[PDB]
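In the entry's author numbering, the protein residues as written are 432 to 1175, 1180 to 1289. Right, one structure below, let's go through it.
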């Protein structure tokens, strides 16, 4: 299938970060075992042209970006384009593929450019020049570069990064001022980071990084906007978030592919994932005993719970029964848990009397890809297996008959799978304590005899919630009452509880907002749901010392380790559905013997938030996580990405306090370290909402229509930034840069004009790739400004209409009509004021003026 995309943009509120703090290309990148894993991934990839899927994706982000100084698009229709590194290639296309739809405007959301040029080392239809040196050419509104570096040794990083810096300076001169360019970087290095911040960033206005996911590598793209228009841009923490995930996905995937076999290999049972099969002779006209029974059962012990299939056919005078299946590392952990091999029921394999024609075994069979739900269960499965540790006993709850956990849990951990349907796994031959019991898990008075340490409720509560016509909270309340009797201390639950506004996944998940109900159309499964705040309350009644940690497992490709190693083909579309379907059905972790946490300040983005942490020793250290990463420590503090942090120790009582000012709307989780060996325990989690929408400002009792103007005071959370706009004739326009001046409370300098009385002025937020969606305040006070009769006034026409001015009710000169003449008492101001340079500005003697459009 298609490729995936990851990207970040310059959030203006983030902190200042220096270049050496950002990570770069790992030391162990170019190596023999590294080159194996990447190259294995490339051959197994099923895709058409990789150049087209990468280019159409990154071009789409470039266009849609919004200019604060314009209120509209960075890149304009029918602009001039330069293509660098143009590929004639070997497709027979004789030129880059994306270009011929890009001229025709066949791409959705991309208008045709004016003309396109081609340069490169091996372009067929363009001039062949060395792009690191000057060349005879014009100036372009857009530059696209796909240069690839060349490396044969780890010491070549000086030579390769030298090319990137050289190309950056040439694309600088190539772009006309106010334009844009994009540059692709194969190998991110710290000296590259040092080059970007010092030279190119101060010259540009805004930047964005785009990463498509096609082949398993660290390739990246970088874009610069508004060239030759000096500014004050620096690195941010949002950039740091982008890199740490971008590098980690390579780190996890390199190990996944290293454990896979070579392309076109030969199987003998050695490889951890592979093929295995056996054959029988003369079956179906008697009884299979001894080798027929032992061999067939012994195969099933090695393969486990995976798919199994048979073939029955005749060849060379021999009647054969064939079994083929695919092993996995997961099957290996089931293999050791057995104390000895169990035998099977051979009746079902005997009753056949027809020929089942065989076929060639395939390793990655299902080219259909995993479904979103099959991907969904894998993420839930993994977070359970990684949570369990050796020796810990488990109170498994709601598991289906196939009993997948025996593979998830370690081999030394005894557990029991209990439910309402009899199982199929054999019940006398395991090595450790393994039992199955059939009883309603919501019944009263059963757990008191059961022994367990960790509890897991996976997809179990949801269906029986609809089963007994209850709401989710009531069904959840019954489960809570039972486990309060239980001897266990760790509970992991998968809960129907959205973490965002209710949206229906079109065709995959349809939700009623009022009746708290779910509807899955692919399965016809109907379920109820509950609230995130309330479930916190339910826990607090059962345990005075209970902690909660809503963890967003999404954005972690560890689950894919289960999928790829099990030879279950993944698809891009299924993951994108799966990542969203987690948000509506997250997993809650409860620490029964934890310590309660308290929030005292106001947790709204941009406000001052504070936390209270009692009981910790002066040598103890606190740690914060956001998406399993860490840049926050009481050890460093100053390295924390969020701007304002203060952590103080108070030995008078035994309390710690923390002061935060979060510039991101993220969910943060806490960790605490006790002792010089640092034993970690899980603390609470808190959610910070978007900054206050509210706005309040003061307008002076006596105005000031003079040259120096009057001041206006505004109080806003510092995330938003106010710009002045005018809405005329279905479009939004931006006024003069010097008439309205915003600076630090948010204090205004505003010049007063009579045109303000007849125009309408708005305020919008522009700090993002959007303008005007969260704060949008009209100035009706500027619509009706009282004009003192003794005070001098300015004037400037709103537009070229038949404007007409009457003085105290008496007519004088018309405006915007062929042959306007300045009155015998007015003046022309030095500079134009209105929302157009093509509008002149006049200085008028005091009076009572009335304007009229004709």
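From the three backbone atoms N, C-alpha and C, an ideal C-beta is built for every residue, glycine too.
- Within the same chain, and ignoring the five residues on either side of residue 488 in sequence, the residues whose Cβ sits closer than 6 Å to its Cβ are 436, 643.
- Straight across, the Cα-Cα distance linking residue 1211 with residue 495 is about 21 Å.
- Burial state of residue 870 is exposed, judged by a 10 Å Cβ sphere holding fewer than 16 other Cβ atoms.
- With the rule of 3 Cβ pairs closer than 8 Å, the segment 812–821 counts as touching the segment 980–993.
- For residue 553 against residue 524, the beta-carbon gap comes to about 13 Å, at or over 8 Å, which does not count as contact.
- Note on geometry: alpha-carbon atoms of residue 896 and residue 1194 lie some 59 Å from one another.
- In the DSSP annotation of this structure, the continuous segment of the beta strand (DSSP E) that includes residue 1242 starts and ends at 1238–1242.
- When the alpha-carbon of residue 748 is set against those of 728, 713, 1213, 1226, the nearest one is in 713.
- Judged by DSSP secondary structure, residue 1133 falls outside any alpha helix (DSSP H); it is assigned neither H nor E.
- Only exposed fits residue 797, as fewer than 16 other CB atoms lie within 10 angstroms of its CB.
- A straight line joining the alpha-carbon of residue 686 with that of residue 466 spans about 12 Å.
- One thing to note: residue 882 has its Cβ within 8 Å of the Cβ of residue 824.
- Runs of alpha helix (DSSP H) with 4 or more residues, each lying fully within the segment 779–837, are found at 803–816, listed in chain order.
- Counting every other CB atom within 10 Å of its CB across the protein chains shown gives residue 1188 a total of 16 or more, marking it as buried.
- Pairing residue 952 with residue 449, the inter-Cα distance amounts to about 50 Å.
- Looking at the DSSP output, residue 848 shares a beta bridge with 867.
- Counted as a single uninterrupted DSSP element, the beta strand (DSSP E) harbouring residue 1182 occupies residues 1181–1185.
- When Cβ pairs closer than 8 Å are counted between the two stretches, the segment 714–730 is seen not to touch the segment 652–663, the count staying below three.
- For residue 1216, the secondary structure class from DSSP, reduced to helix, strand or coil, is helix.
- Excluding residues up to 5 positions away in sequence, 1147, 1210, 1212 lie with their Cβ nearer than 7 Å to the Cβ of residue 1126 in the same chain.
- Taking the C-beta atoms as reference points, residue 571 is found no nearer than 8 Å to residue 613.
- Beta-bridge analysis with DSSP links residue 639 to 440, 654.
- Here residue 886 is bridged, per DSSP, to 826, 922.
- DSSP lists 1105 as the beta-bridge partner residues of residue 1110.
- Per DSSP, reduced to three states, the secondary structure at residue 1154 is strand.
- By the criterion of a C-beta distance shorter than 8 Å, residue 1036 is surrounded in its chain by 1093, 1094, 1095, 1096, 1119, 1120, 1121, 1122, 1148, 1150, once the five residues flanking it on both sides are discounted.
- In the three-state reduction of the DSSP assignment, residue 1054 falls in the strand class, which pools E and B.
- In the three-state reduction of the DSSP assignment, residue 533 falls in the helix class.
- Fewer than three beta-carbon pairs drawn from the segment 584–602 and the segment 477–488 are found closer than 8 Å, and the two stretches are therefore not classed as touching.
- Between the beta-carbon of residue 1231 and that of residue 1287 there is about 16 Å, and that puts the pair past the 8 Å contact cut.
- In this structure, the CA atom of residue 800 is about 15 Å from the CA atom of residue 793.
- Contact annotation: residue 1102 and residue 1054 have beta-carbon atoms nearer than 8 Å.
- Measuring C-alpha to C-alpha distances from residue 754 to each of 783, 707, 771, 777 identifies 707 as the nearest.
- Restricting attention to 478, 503, 617, 493, the CA atom closest to the CA of residue 575 is found in 493.
- Contact fails between the segment 1074–1086 and the segment 947–964, because fewer than three Cβ pairs, one in each stretch, are under 8 Å apart.
- DSSP lists 1185 as the beta-bridge partner residues of residue 1171.
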